[PDB]
Amino acid sequence: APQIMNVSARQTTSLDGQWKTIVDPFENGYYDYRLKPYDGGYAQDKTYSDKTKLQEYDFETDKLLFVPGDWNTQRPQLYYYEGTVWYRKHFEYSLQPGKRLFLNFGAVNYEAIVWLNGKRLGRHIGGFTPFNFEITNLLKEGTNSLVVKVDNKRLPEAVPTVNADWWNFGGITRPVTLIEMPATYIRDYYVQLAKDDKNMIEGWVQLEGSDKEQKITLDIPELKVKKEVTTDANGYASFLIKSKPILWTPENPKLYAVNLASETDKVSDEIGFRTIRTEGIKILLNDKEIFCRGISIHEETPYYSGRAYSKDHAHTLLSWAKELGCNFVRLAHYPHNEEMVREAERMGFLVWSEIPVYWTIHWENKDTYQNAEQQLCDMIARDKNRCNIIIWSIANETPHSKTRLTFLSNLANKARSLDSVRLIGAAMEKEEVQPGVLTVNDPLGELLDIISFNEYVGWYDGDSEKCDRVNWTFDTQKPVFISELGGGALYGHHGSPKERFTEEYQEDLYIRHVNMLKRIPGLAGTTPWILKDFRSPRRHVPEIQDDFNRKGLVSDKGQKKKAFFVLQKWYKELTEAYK
Amino acid sequence: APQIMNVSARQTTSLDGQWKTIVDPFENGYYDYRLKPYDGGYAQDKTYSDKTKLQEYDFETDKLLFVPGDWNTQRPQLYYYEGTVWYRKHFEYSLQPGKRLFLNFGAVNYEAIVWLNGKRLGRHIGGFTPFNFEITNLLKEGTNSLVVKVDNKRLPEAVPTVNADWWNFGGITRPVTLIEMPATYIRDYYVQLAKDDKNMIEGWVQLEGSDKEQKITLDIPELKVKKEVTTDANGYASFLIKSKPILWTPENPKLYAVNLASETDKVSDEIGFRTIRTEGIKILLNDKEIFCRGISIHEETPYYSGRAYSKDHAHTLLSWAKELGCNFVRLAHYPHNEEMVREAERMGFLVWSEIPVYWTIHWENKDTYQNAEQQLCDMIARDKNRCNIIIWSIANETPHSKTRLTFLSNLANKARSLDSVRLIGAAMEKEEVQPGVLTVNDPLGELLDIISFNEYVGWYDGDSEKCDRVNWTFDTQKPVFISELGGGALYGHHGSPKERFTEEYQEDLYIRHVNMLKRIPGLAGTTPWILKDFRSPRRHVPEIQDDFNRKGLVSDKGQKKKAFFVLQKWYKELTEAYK
Amino acid sequence: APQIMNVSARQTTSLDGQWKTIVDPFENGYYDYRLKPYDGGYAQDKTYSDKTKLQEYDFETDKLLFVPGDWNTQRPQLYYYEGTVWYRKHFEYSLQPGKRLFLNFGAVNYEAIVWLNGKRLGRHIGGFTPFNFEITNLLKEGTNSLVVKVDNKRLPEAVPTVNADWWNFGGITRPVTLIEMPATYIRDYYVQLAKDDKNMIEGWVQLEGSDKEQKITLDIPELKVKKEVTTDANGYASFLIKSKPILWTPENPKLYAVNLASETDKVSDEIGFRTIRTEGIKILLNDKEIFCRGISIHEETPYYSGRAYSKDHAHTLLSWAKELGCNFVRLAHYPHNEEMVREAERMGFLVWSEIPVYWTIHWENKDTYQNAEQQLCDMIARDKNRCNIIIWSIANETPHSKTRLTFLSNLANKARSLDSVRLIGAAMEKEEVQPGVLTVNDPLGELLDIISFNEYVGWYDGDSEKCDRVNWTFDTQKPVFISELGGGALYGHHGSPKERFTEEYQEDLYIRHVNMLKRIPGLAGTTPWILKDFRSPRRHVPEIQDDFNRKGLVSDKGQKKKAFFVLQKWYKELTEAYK
Ligand SMILES: O=C(O)[C@H]1OC(=O)[C@H](O)[C@@H](O)[C@@H]1O
Ligand SMILES: O=C(O)[C@H]1OC(=O)[C@H](O)[C@@H](O)[C@@H]1O
Ligand SMILES: O=C(O)[C@H]1OC(=O)[C@H](O)[C@@H](O)[C@@H]1O
Ligand SMILES: [Cl-]
Ligand SMILES: [Cl-]
Ligand SMILES: [Cl-]
């Protein structure tokens, strides 16, 4: 049940493919007509072979869905579907006596309940974080039955809550993986530069199993590092290593082969090293002032606009951001699949990583907070060794209230207790305190390392001309980071620059908006909204939006709109200026 | 806002056809990103003509839906859809000064919010009862804008609640009608035999408007009845008329032309006269002992299985019940459209009329009770002059608890206060107190005129053989009425009589079940479940159920299964026996 | 092999329900990659149990379609589908040796190839006529396999050809029925009044089998008719019977029970008696001058607009025609299912019955002619005992050419050789010889008993005003019969009477058109186009047509448009005038 670090480097076997499925809007497979749990629900996966008896379902003859994937793009009937879909997989696995076996879900939105061979393994909430179950002693010989009850109903108390500006993609949205482990295994580990220290690698390792006291070697061959330690009675060891690694940058995204070997287990990784801090209004990477030439990205695929999960999806999306001139991507509004973060790391993109504490979260609900903090912990735990991540984001466009501030302050404190190195951010919002004077007056700012916020001057707030007659002031010397900006346009839809949703309007907006950006004191980064048009049930203009947010600089079909080249040109200028 | 009696006989103009629609799962047209109501939502029906400004919707270029109808069968994407769909209609109407105009909805499931020309008229809950709004002084010249926000999300506190065995058909499911009235009009009236009195017609009439004190004439030309009264200061008058009408029966469903004429209004109706009472275990129609040779029917169409609304739909369904040998139909589990009740009345079918107080209603919720009692009142108010209705049903398969009993007792008392003539029923459930001994031990029975209940011996409770080894006893001498019984089968699916869901199993079940029925003391009626296969999201056997309850004696494609003729044969015997 | 009269009255077993199907556009199940027919294709119906061998199909685990029905309305993917769909059904049947068994198809559009237990039974072309195969010797014990390859590709040489104004509904569109016969059975018979004779019933009976020479008795008990004859060695016998039947009329559609008994077979029927002839410009029914107050009707269902096949469908459609005031229905453009003709027979509608010799048939193709003549023969053979049919129509809107005239003259001669009683028609077209003067100048008229033609003054030919100013003349004294007229409208779409496709334009058109009809010399009948909106792939106005011909006086959803009441009022007047 605890998280497993670096699943892809383990002895893995995929369960992906096409699974049997039952769409169950009234949850008949779980509740009887008295609304009570009952024995003989769909978790038993009883093939309906003996028709002298009555049952009301049969996985064996029902329809398939692809796993991994959202269900919404797989059948017209499931486009809007919010509720329960049952998934069922049969598999065999020969597990040598003494070896251990874990079932890992990359993500399931939103609620997953999991059974193996009719026995409940457990339950998960949160649609974008991984979870696993040990099945070592539950695996049978011959056919095993895996049943997953997936529900994506929107809940007021959930994280996210009943309103958000993206599609409610339900299903087993990321790979399902069997992981074989030795009886005592390296479960988790951390290897990164010490805070603000180009010359000191620090880290720790955590074993799980009955043989917790072991010698461990941390091996970084290219650095001629070979450090041996011994774990304590809890299976834990730490280390400090003086070294001079070549530091990762967007221009040279250097990664090192890192090998961990205990007496009973071994795992290899690719890990880069960098320092990150603010100094006044400056963002310093490896002690050098940088500008975050960024773009925002949802976890949604080119062309068919389903939930992204593969290296293919990531490489295409990031290849567009590369052509745009970016050294930075904001992955909104939740943890993305690990392939996306890894491809950003290898290709040279700094990353903003976020949890979906989005809009009107139930700040007074203690279960809601525990959910948000669990997603925070899981986000950091999975990716703590990804040096390209420099900002953890704890919220996006949340309304001001005392309970909200308390909620978010506790998340910010928790984040810092988990990771003293990376910057803490959150998408705040702007105000126009007096005509023409724009600022960010949000008490949340005091808990953040950057003045990060969304603003839509020239789209939601005025026509494009308004960019020309506003200026920005901030009452603190922290780097200013505009985490969203921009406007909508349909690729191939042309007209006057005054006509909204034409490419020409969006282009004119970006020209005047960039001019405004150039006047902002302390500006250190921009991640305009957004790289690719994406699905949203709040975008209803027929033939223009058609259930897509159209603020992409690239269409959902991979076409660069006119405004793409306005931002590209400015990012080219910023690249030269920050050399 | 008060109900209008006999809408079809008024000066009516249809608004049916195809309306503009916006599917809005996150209710963006109603709530902003702070989850607050906002000015400029979709109720304003602003055509998106000026694209120099931003808006996120446009009825004028969006997709159509048919009105009336469920949305589920109209688009694959809407099959399972639970949530909000906006409907918009433009119309003109020339209303002579001084005349009044009402907007009548036959039904909208589940919640309707209605605007005219951007102004909210009001809101309705309950998916099967009519409601109207006066628009006399809101109608403009030229184009008028009617916007209806329809939501069919299942609510725990709603009536019905989050679980039921039929499809959640959302939409404007019955005709939308403009009704023109004189300035003071006959709004409501009642004309029926006095309780247990073949020779006394009683009734009342209710005017609405400023000229409430008027002479009124009740005219029944075939009976040579011409009774003149005067209304009181509240617009109310009553009457008692000694007369010898030919009494309505299933064999001779006699209706009389009834004309009401006040000084300012007039309306004609077709009304029949009959007495109905129990005497011990006997049901007496016009003092004659009858058997209710019935069949249950959902409000769902032949062939395409959408929500039924027209005389065409009713005539086809009732023509099947006629061929089956029925003199009675149970219209489950909610008030059906008025065309169905009228066609039953004209063709000669006694009727059981029901409200959807079904399964796990929230008995302790005072809003829930007020909803249930309002639906009860509206059900009786619409159809109080339909002499073929002899049973009002207040519940179906509700679990035993003190709060439930209090809830249902209040409904039963309310029903009797509204209608002293018709019988009060409810589908109770059976118990097997000792092996082979079946009875109905439910305290609700004390408040009902009949021992009405569902039982599924040979389908849910045992195989068909169990019918042969059980018997029934009842501790009170009230007529026994089995409101559901039977089993499932796919038309065209054949095999051994031991194989469930074959026609042969269903046939064998009905043979043994009818033999069991013939042994029941006090049996006075049966409405087996069901006439036609119907949609249910709780029926998941692939290729057999496919989201249909298969307990029809007729398939959803109009095909008579083998079991149809078993019940037909018994009903033929009962017809002879009760001559 | 030959047609069987009155299938419904035989010992029938339905094979309807849901069948396994395979969509096969490239006909992989029939042709190999050299485009050669191969054996081992899909007609073998080999369940794919042994996966150590290679096979490219499996009926056993493939998708279902309803039989009977078009495929087009059953799946979105099959909406436009033109090509091959394979259908498969398993059944058991116990046949006592000596008894015979036939497989009857009410209709399959367009080409059907049929196999039983892997052996080809034969082939049929023509989408609207029934066909039979004897399977007496091919029936096996246990599971029998019936496979039908159905193809509705449009062919230039087909009847109809590659262009027509209705949907290409493919599939097994009418019931599939097993018919058990004695070894020598009554295959066909004819019982009708002799030409122009109110007192002489003439007829013949045709036996089939090895004992064709038998005593036959024809009983009409209500008429006290008992006639015994003996068939010849060819199985044939004729009879002449003096009687005085009550003559069938639309107002009193009298039918008699007719019983035929041979030594080894017997069959009952319901048959009515009437005379029909022209007299100058008069049509006389039972010697009485009548007007054919008609409406045209396609074989398409109310509400969901699939292919009609059942008594339910027929009754709904014809109940609309009854309310419209019709005594006559034109069933276009092909033979309708037998339920429609029988319901028109019992409800009191005279019938025009037609074969799809429509538009640009290949007049020079000898196979095309034999196909048309076979459909003619089959149409008349099936319904020759339906006294409500008074017109056989051999064509609709065919271009004038010498070869077309020869083709149609041969059909007309064949029709007359098969039926000396009923009238011969065909939908001709009009022309404007001189400005403002319309007539029918088609040499086909010489071969018809009526001057029957389609005209669209006010819709295709001018605006509605043109109806007010044109005059008509005809150079022969045969009854004039307008077989189509009218215009399109969307129900619920209102505007100026000058705006085409509004109900008001259509209403204004019918008012002016009806007045035009009153001055057409010789007019004896009208069947306006059309009763119900119907599917056509030539009707592309979005939101108005949406792939429907909108010329219905009733919408596809059963709603009477304004123009319905214009024609109803004229038919009310004609009913009084012709009393
Ligand atoms: O409105 C928009 O387009 C975007 O604006 C925002 O500030 C939201 O954070 C983002 O999720 C929306 O998609
Ligand atoms: O289970 C069934 O088929 C039926 O049984 C019942 O008792 C319910 O009242 C009915 O709504 C269900 O459809
Ligand atoms: O154009 C029309 O609406 C109709 O006109 C005709 O003359 C055709 O015979 C008919 O099949 C078409 O549907
Ligand atoms: Cl947008
Ligand atoms: Cl069922
Ligand atoms: Cl049209």
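Atoms within a ligand are numbered from 1 in the order they appear, just like the ligands themselves. Reminder, nothing fancy here: chain letters follow the sequence lines and each chain counts from 1. Values below: all heavy atoms of this structure, side chains included; hydrogens, waters and symmetry mates excluded.
A salt bridge is defined here as a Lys NZ or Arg NE, NH1 or NH2 lying under 4.0 Å from an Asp or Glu carboxylate O, and A/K561 with A/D533 meets this definition. The residues A/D556 and A/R535 are annotated as not salt-bridged, no charged nitrogen and carboxylate oxygen being separated by less than 4.0 angstrom. Between A/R539 and B/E56 there is a salt bridge, since at least one side-chain N of the basic residue sits less than 4.0 Å from a carboxylate O of the acidic one. Between B/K466 and B/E432 a salt bridge is recorded (basic side-chain N to carboxylate O distance below 4.0 Å).
Between A/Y510 and A/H513, the angle of the ring planes lies from 30° to 60°, which puts this pair in the tilted group.
For A/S536, the side-chain hydrogen bond (donor to acceptor under 3.5 Å, both in side chains) partners at least two apart in sequence or on another chain are A/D165.
Protein residues lining ligand 2, listed by chain and number: B/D165, B/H333, B/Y358, B/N396, B/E397, B/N454, B/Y456, B/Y460, B/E484, B/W529, B/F534, B/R539, B/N549, B/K551 [non-hydrogen atoms, distance under 4.0 Å].
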